[PDB]
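Below: the structure, in structure tokens.
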Protein chains: 2
Amino acid sequence: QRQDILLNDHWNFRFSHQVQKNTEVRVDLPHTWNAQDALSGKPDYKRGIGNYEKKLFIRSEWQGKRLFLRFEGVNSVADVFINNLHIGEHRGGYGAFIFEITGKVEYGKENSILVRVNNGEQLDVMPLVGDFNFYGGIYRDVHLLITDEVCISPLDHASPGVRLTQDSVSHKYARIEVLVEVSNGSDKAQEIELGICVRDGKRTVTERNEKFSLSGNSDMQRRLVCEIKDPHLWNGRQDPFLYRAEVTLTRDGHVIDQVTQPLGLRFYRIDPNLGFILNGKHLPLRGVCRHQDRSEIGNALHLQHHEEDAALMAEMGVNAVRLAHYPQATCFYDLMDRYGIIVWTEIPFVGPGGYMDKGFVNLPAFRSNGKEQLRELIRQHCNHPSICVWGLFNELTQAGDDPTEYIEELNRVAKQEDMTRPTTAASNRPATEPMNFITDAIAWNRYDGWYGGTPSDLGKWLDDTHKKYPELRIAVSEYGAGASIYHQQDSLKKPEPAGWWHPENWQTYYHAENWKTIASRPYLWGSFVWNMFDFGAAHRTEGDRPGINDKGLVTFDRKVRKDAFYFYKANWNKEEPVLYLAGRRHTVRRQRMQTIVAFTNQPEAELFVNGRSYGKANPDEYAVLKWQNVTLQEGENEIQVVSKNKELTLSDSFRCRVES
Amino acid sequence: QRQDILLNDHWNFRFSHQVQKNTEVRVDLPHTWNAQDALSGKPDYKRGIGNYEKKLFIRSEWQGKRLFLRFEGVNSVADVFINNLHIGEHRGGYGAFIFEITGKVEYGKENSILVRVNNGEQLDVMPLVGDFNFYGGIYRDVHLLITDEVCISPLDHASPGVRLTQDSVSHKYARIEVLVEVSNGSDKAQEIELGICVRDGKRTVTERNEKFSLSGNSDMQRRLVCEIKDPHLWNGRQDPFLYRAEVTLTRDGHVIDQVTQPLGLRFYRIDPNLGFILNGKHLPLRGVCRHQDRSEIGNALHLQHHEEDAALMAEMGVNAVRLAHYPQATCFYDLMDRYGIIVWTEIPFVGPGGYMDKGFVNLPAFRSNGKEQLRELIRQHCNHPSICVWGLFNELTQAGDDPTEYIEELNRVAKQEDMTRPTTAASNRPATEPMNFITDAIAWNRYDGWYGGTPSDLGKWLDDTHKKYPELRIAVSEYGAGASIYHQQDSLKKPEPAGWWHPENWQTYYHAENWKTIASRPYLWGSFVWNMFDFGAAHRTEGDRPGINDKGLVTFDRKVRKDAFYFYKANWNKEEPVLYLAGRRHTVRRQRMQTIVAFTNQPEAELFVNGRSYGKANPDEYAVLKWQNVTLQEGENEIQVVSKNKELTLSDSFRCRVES
Ligand SMILES: [Cl-]
Ligand SMILES: [Cl-]
């Protein structure tokens, strides 16, 4: 009944700095204008105003309906015009936002949609700093909504208008409360029927409907309640079961409007000594971090790109994700729902880390806008079963303008919006700083063995902190190491992090030792690898090219899994057979005697070097096969590893050459 | 006992516009400095001088041996220095070159190689213009060669020092004339023995040997003639058999130097009416072109990039390739040797096409340099069996400085170097121009149905040219149409080539019509798709991003095969099963009525639309399955095709949305 029309095709664009006429060029949404300058490594890429114009014919039959323009993302600040009259402004690059254009168009005519987008710097719109790209543009989809004059309202913070809250969840019973925004845009009072039907496919599981009166040009909220006995729980990747919940408005029979949403029922708690308990059973959060960009296109992502990023994490055995450092797309939360991957999602309250300036500036506009951004985050995505914590900052400092007061304010805003999920944060503060003690959970970013030290520093630090504050729920927000797939060398030696040489073997070593450190500590409720993918950061000058943070387990184009990916796949994915030699891309070696390493989830593998066996071996606790003192021969070599397990015979091999 | 040592590791690099004392950064060859600016679509990318400096310890134990630095490719003009003294210059960006440093180095001590590289514009070093990128730098490997003082010389145009000329080849008998460059670098005359041993695996097919004395500080060119009764012919992709031919130098019973080269025996001819005939059988040349670049790295390619490029053509059923527009890597020629893919390779005498300026400036240095580039091509790559024609130019114009005489000179030079291979060229000249009649075979670049006109124009023009000049050997050297994989619509509609809109469905239509035209004309000895892959051309402003020529059948990162790829693969690859729905990336459609099209090499296949069967169908002569008047649903559809040929059931499917 209700209509949702994609508006991405054929816009006109120009930069306000192109001040002459006839300078517009065709673009097609999604779109950023920084996919070339920023990705090329230019730190001063284009940050300012871009102008999108669309011609949209408003049909006559649409008069008497209600028309909305929903934007799923526009970085950073957007001003919307209909036939060149301002209708609204939205400040924030990552929440969806909406405007009703029912009273603003000429029915039966072409009309003009004009979106003036600014991604230039501000001190009053988070994020203010960050180790990533602030791609400017309409980089997510744009939709025309047409509904009945009486509808389930899409206007409240661009939420769906249906909000599904879970309490009393057990293996035996669950209670769901359903908050519905209903809007009467007619001049007449209406007697409507409101109904909720929760379904398993096409089988009704529960159902309640309600008749009530609503005056003209008025909206009110309705909160229905229903129950499910012996509910089918959403249980992570073991069984990511999903009800669909349909809320309908009815009038004289026949549906007049409909909204459907996912319902995944789960209970869980974060235990200071046991970690994360999902539906009564402990669950390691084997996590990675993910940014929303890609090679060549920046953050103008299409559906298939989200799907592919999800598939690669699923393949590696990921069961948790931190979506850094901002609200991300509905269809990615969808995929995490459907795969059973637990989600940490946060507002863009990002501090400087090792860089300059601040993530917090004590401006009324900044503080206020931040609260609206956190309110957008929760109201737009709270229905997703995969979301399990709400994150409030990444790497703020207490020096200069101190955000501790404001963070406490944000924490309270989160609880007003959602009591059912803990808050968390990603800190790089000494443990004594108050801001580590506000959120329900806390976590630190740690690079022991990359930005200085050795991996053993990590377990000591975490052990000490867990001892001094026994009630903290500690996790590793970030840990990782740079790696170019074209940087190879025989020996493990710690590269300079800020230089043009990130040899792949050190990333491998780093994650091996670090996962060992994490896996020995059950008090950590999760760990999150920085990062799943290389991602654009235009100011970086390191690795094999500028403009890239190269700590991904997979390359920026999603083409090449680095060695470390297969290390995590050996450990985390016990379903697909894995047998993978490390260092296949080290193809020109200077030593004759080497240490060979493979990763497997098989019980046993045997190494062969020019057909000459070097023995069977079993992986250690963390899936690592290792043969020291393997003599290669001058010139060409072939290195093959083989494993048999009943009918399952696996093989991996590569070639290489030794010079001197 | 000969030594070959890669020098790609850790060079110091700085531009000469960086004037200050410590501005050097680390690079690792292969290297270009235009990986970021040119591929970003900046038309004025850095064209000028950069400087590479390498410190090399010259072993004490190397005195008494000879030492060579061989560069496989430095774009454009190189100046090599040892210990900051000048030792030579090379003008040309695409041919190997070598410099002996035996007498320039201080033995037992650390020595410094400096390479000053210039890709700034010149009017006297082809190529002067071109629809592609002039990536500066040492973008190919650098080798230090260490040989006995008496050696098989690597000095003559950086050749291998062994030329295998096939002077008479048949199914019964083959004569091969071997020319070996020998050099006595010592100051005493020397009695050496020369050996050539032609092997099939470990088996000696023929051997030939001779003794002589050579004087000190002296070179001479030895010729040995070999026969092979009933030779095993390199027969393209049906049987790309390769003999190994190893050349040894011997002194007092011991081998002191060796160079091994590939030998594939074949005979062929180009018939004006019959096309290309390989070892007696007519072979249609199913061909594509290929530039030597790739996303993110530019032309600084590694071996795996070459290998993947070649696997992609092989998968598609390519059997011929035009390497445009310049001499390419030995590594890649070796792949075509092994795959059986016939190779057209050309010097970079490239004209302006639809752009400005000139391929040819009548300067004496331009002319002599061109002759040296053509000698480098033939002498370096002559041994590769896959190479079958030599190209002399691409889209020169007779207006202004007329190159026609100079082309006659070039043709003469080619024949001085190789009487076993015909010469060809790629013209955009009306057939009446004399420059179409110099080379033995000719070919035109035609874009009928992209740069104006319809595809059927192509056959009309071909047939007419064929009829007027019945002794010309005509091929189609380019034909193509751009496509973005992100640009989709419902109707076939000719886009504007220079505009920001290249819908994928036109390229599909274009190649299906032009293959039909080409496939019907046996007088075309070959046809070459422009292009196998999207490639860098900074000046370009079309498709979905600037700086890209998007006529590739496969995208610039080699991740996504466009629809047309599968059209060729269904026609050309008959060994792997193909069942491929066209249009899968057109996910949002505006019209419920559709024509569903699929490519297959299977006998028949059944279309299902939302489980509803639209009956079985058969491919056409060009492997196209088509179902007319297919009726889709509003909202989500699913489209699936199935083929069974027991024992083989194949399936392909995709999801789109209809939204009027
Ligand atoms: Cl801060
Ligand atoms: Cl010219």
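Values below: all heavy atoms of this structure, side chains included; hydrogens, waters and symmetry mates excluded. Reminder, nothing fancy here: chain letters follow the sequence lines and each chain counts from 1.
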>> Going by side chain to side chain contact (heavy atoms under 4.5 Å, CB included), name the residues that satisfy it together with A:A314, two or more places apart in sequence or in a different chain.
In response: A:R237, A:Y339
> What residues, two or more places apart in sequence or in another chain, satisfy side chain to side chain contact (heavy atoms under 4.5 Å, CB included) together with A:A483?
Replying inline: A:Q507, A:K562
> For the side chain of A:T600 and the backbone of A:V578, is there at least one donor-acceptor N/O pair under 3.5 Å apart?
Replying inline: yes
>> Could you work out, with side chain to side chain contact (heavy atoms under 4.5 Å, CB included) as the rule, every residue matching A:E576, not counting sequence neighbours?
In response: A:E315, A:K569, A:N573
>> Using only atom types and a distance under 3.5 Å, with no angle test, would you say the side chain of A:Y479 pairs donor to acceptor with the backbone of A:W515?
In response: no
> Would you call A:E659-A:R589 a salt bridge at under 4.0 Å N-O?
Replying inline: no
>> For B:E296, give me all partners under salt bridge (charged side-chain N to carboxylate O under 4.0 Å, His left out), at least two apart in sequence or on another chain.
In response: A:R545
>> Run the salt bridge (charged side-chain N to carboxylate O under 4.0 Å, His left out) test against A:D550 and tell me which residues pass, sequence neighbours left out.
In response: none
> With respect to A:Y580, which candidate in A:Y566, A:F567, A:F654, A:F565 satisfies the ring-ring contact (aromatic ring centres under 6.0 Å, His included) definition?
Replying inline: A:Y566
> Under a 4.0 Å N-O cut-off, is there an ion pair linking A:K551 with A:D534?
Replying inline: no
> Residues two or more places apart in sequence or in another chain: which of them pass salt bridge (charged side-chain N to carboxylate O under 4.0 Å, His left out) with B:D9?
Replying inline: B:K54
> ring pair (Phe, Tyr, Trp, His ring centres under 6.0 Å) with A:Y486: which residues, sequence neighbours excluded?
Replying inline: B:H302, B:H305
> Taking only residues two or more places apart in sequence, or in another chain, which ones meet B:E308 in a salt bridge (charged side-chain N to carboxylate O under 4.0 Å, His left out)?
Replying inline: A:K559, B:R294
> For A:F528, what residues pass the ring pair (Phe, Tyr, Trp, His ring centres under 6.0 Å) criterion, not counting sequence neighbours?
Replying inline: A:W344
> When you measure from the side chain of A:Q489 to the backbone N and O of A:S491, does any donor-acceptor pair fall under 3.5 Å?
Replying inline: yes
> Excluding sequence neighbours, so at least two apart, what forms ring pair (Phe, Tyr, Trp, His ring centres under 6.0 Å) with A:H502?
Replying inline: A:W450
> Salt-bridged, B:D4 to B:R2, with N to O below 4.0 Å?
Replying inline: no
>> I need the full list of salt bridge (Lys or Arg N to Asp or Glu O under 4.0 Å) pairs touching residues 329-340 of chain B, with sequence neighbours left out, sorted by first then second residue.
In response: none
> How would you list, by chain and number, every residue that makes a side chain to side chain contact (heavy atoms under 4.5 Å, CB included) with A:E634, sequence neighbours excluded?
Replying inline: A:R592, A:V658
> Hey, mind stepping through B:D309 and B:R558 against salt bridge (charged side-chain N to carboxylate O under 4.0 Å, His left out) and telling me if it holds?
Replying inline: CA-CA 8 Å; B:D309 284 11; B:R558 276 72 169 165; 2.7 Å; yes
